[PDB]
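Heads up, the chain below is alone and in the form deposited in one PDB entry; it's given as structure tokens.
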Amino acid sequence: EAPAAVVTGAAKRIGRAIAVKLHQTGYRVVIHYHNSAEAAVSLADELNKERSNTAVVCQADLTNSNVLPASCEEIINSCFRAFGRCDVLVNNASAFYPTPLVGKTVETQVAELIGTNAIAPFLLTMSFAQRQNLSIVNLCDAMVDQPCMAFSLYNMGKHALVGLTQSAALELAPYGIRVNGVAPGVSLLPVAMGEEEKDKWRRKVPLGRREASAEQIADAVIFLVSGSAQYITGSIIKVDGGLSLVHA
């Protein structure tokens, strides 16, 4: 029987690449999405065409709220209902936008940024553990200690996610569930970012003066879920081409 993985925010960009690469490795996949329904269903079609009965979708808002615990239970449930098991959880989904200290209300910003980046990962981890080569991989940020100007809530969420990776590694080790992170620097640049700013970020990266492909990020996720990482838990692997080493 093939193992099964849940990947949050898997319809596009890095989540999509992780889902595809896990599928190619032999996993059956739950494609979670929020708004990108067409992309999600298109991915499931592609993967099922490759191997029958190996991909499904699950929609959920991962903003923090009174119903989030139930929403996270249902995402994990969807893996069990379709595939009868859940071996891997990849916390990839993420809100990312500025929240200056000095449109959306501040309480909504808190809910979205801390919800997607930290609280949802915690609730999904809870549900994943309770329902049991098991492992969880959290998508972190290599630049968390040199944060983007005016992104305090996003940065707080990513710091919180490091805490979860370590706390969960410690607590779930007795159950044989490993918990690790992968920390991109710059990978697929945000859709809205202008071409001039995109070029400025590329020119800062020591290794090749370009961004990581989504596949290069997925390669690190594949390593951490594999048998070659069976003693690795609580580790966060930077995949940033030396960007975080570069001073102001």
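All residue numbers refer to positions in the sequence shown, first residue = 1. Take the two forms, find the largest set of C-alpha atoms that superpose within 1.5 Å, and that set is the rigid core.
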item	value
Residues of the deposited sequence that sit between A168 and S167 yet are not modelled	none
Length class of the unmodelled deposited segment, which would lie between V102 and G103	4 to 9
Stretch exceeding the other in mean C-alpha B-factor - 191-199, 56-64	191-199
Residue of maximum C-alpha B factor among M156, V88, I119, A142, per deposited coordinates	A142
Options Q109, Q130, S152, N92 - largest CA temperature factor per the record	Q130
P184 - Cα temperature factor, lowest/middle/highest third of chain	middle
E215, C-alpha B-factor rank within chain (lowest, middle or highest third)	lowest
B-factor third for the C-alpha atom of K238 within its chain	middle
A2 - Cα temperature factor, lowest/middle/highest third of chain	highest
Entry-reported Cα temperature factor of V221, expressed as the chain third it lands in	middle
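There is also a form deposited in another entry; it is not shown, and the following applies to it.
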item: Core-superposed comparison between this form and the one not shown: the option from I222, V57, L68, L188 whose CA moves 2 angstroms or more; value: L188
